[PDB]
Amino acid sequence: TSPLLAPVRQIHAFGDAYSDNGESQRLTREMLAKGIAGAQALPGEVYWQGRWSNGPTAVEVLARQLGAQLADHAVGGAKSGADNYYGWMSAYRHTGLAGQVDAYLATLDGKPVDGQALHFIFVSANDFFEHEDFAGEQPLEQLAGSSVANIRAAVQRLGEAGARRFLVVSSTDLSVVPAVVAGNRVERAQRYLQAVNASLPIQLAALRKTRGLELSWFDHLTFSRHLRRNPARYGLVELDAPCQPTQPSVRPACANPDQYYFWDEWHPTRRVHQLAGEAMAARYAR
């Protein structure tokens, strides 16, 4: 190990349902009130306080561990570019990573970026899910290259505006997601996530060096592989079945959710989010 990075007192989080701590719920409630075409209530009835899980997301645990306030801009469905898996949001708000970056910068209205705040980025899953669900054109190698470029551009744009500290999360292991397994798409997920995770850290290391940034890379795939190889160590028992099935329809939730890896068919449980948050916090002093 090298020296721990300096303490963190403010996080700005950008990303998708792996981080969202209430934004998709707030926005969809707004959209429903306004009669927006296509709007639906997200995340749904079988979720904890608007999180796409049964508890806090990894970034919420990271903030708790580190003693930081959290401004969590992440939106369930968010892609790495401007928009969302949920196409019907585009007309109302651009909620992808690039959209969230634009909205954060516009809220600053010329005032300075907090150079001490950690800019946490965790996105790309929906790039893959939209591509598979709506038969996207690109070869997965090209889709991964677009994901990588999008995330690099978000770091560059935040740095441009004055951000100095970043934590960028890798692709998760999409290959073990229950919906991917049920779609017989394990190899395509493997190929997509390997491409993102090989390229992105090399691009971010160059950007870090050029702009004098503090940028930490969190390898979520290494993290999940280690958990899923040694589950008993962490008190996990069921790695594959969702605790709270939703497809084809909502069924009764499992008795022992802290023994389950997956909450629904796409999203991990509060236990896994806890472990992930603790792992992410390990690079920083309290």
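Heads up: residue numbers just count along the shown sequence, starting at 1.
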Checklist line | Higher-B stretch (mean Cα B-factor, as the entry records it), 129-137 or 111-119 | finding: 129-137
Check: According to the deposited model, is the average Cα temperature factor higher in 221-229 or in 23-31?
Finding: 23-31
Next item on the list: For the C-alpha B-factor as written in the entry, point me to the maximum among 243, 239, 62, 70.
Entry: 243
Note to self: Ranking every modelled residue in this chain by its Cα temperature factor as given in the entry, which third contains residue 91?
What the structure shows: highest
Check: Would the CA B-factor of residue 148 place it in the lowest, middle or highest third of its chain?
Finding: lowest
Next item on the list: Would you check the entry's CA temperature factor for residue 190 and let me know if it's in the chain's lowest, middle or highest third?
Entry: middle
Item checked: residue 184 - which third its CA temperature factor falls in, relative to the rest of the chain -> lowest
Next item on the list: Quick one: classify residue 210 as lowest, middle or highest third of the chain based on its Cα B-factor.
Entry: highest
